[PDB]
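*Asks:* got a structure for you, letters missing:
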């Protein structure tokens, strides 16, 4: 399973979808339009 928004990201390949791995703690998936 993938981590969604505000879920701890294991990959910057938008993890779930339309996301990315925030390069600042907490390292969790954020929307591309929220970073």
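*Replies:* Ah, there it is. Numbering: from 1, shown residues only.

*Asks:* tell me the SS of the spatially most central residue of the chain?
*Replies:* When Cα atoms, centre = their mean is applied to the chain, the residue found nearest the centroid is residue 29 (1.5 Å). When classified by DSSP: H, G, I helix; E, B strand; the rest coil, residue 29 comes out as strand.

*Asks:* quick check, it in contact with residue 7.
*Replies:* Yes - under the criterion of Cβ atoms under 8 Å, residue 29 makes contact with residue 7 at 5.3 Å. Bear in mind the C-beta positions are built from the backbone N, C-alpha and C, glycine included.

*Asks:* list residues touching both of these two?
*Replies:* When Cβ atoms under 8 Å, 6 or more residues apart in numbering defines a contact, the residues bordering residue 29 and residue 7 alike are 15-16.

*Asks:* the residue nearest to the centre of the chain pairs with what?
*Replies:* Residues in a beta bridge with residue 29, per DSSP bridges, are residue 21.

*Asks:* what sits against it?
*Replies:* Shown in contact with residue 29 (Cβ under 8 Å, 6+ apart): 3-9, 14-16, 19-22.

*Asks:* can you select the buried ones from the residues you listed in PyMOL?
*Replies:* A single PyMOL command selects the buried members of the contacts of residue 29 (16 or more other Cβ atoms under 10 Å):
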select buried, resi 3+7+9+15+19+20+21+22
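
*Asks:* would you format the contacts of residue 29 as a markdown table with distance to residue 34 and secondary structure included?
*Replies:* A markdown table is the format used below for those (distance: Cβ to Cβ, whole Å; DSSP: H, G, I helix; E, B strand; the rest coil):
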| residue | distance to residue 34 | secondary structure |
| --- | --- | --- |
| 3 | 15 | coil |
| 4 | 13 | coil |
| 5 | 8 | coil |
| 6 | 10 | coil |
| 7 | 13 | coil |
| 8 | 16 | strand |
| 9 | 13 | coil |
| 14 | 13 | coil |
| 15 | 14 | coil |
| 16 | 14 | coil |
| 19 | 9 | strand |
| 20 | 9 | strand |
| 21 | 13 | strand |
| 22 | 9 | coil |
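
*Asks:* doesn't residue 30 make contact with residue 14?
*Replies:* No - using Cβ under 8 Å, residue 14 is not in contact with residue 30, being 10.1 Å away.

*Asks:* brilliant, that's me finished.
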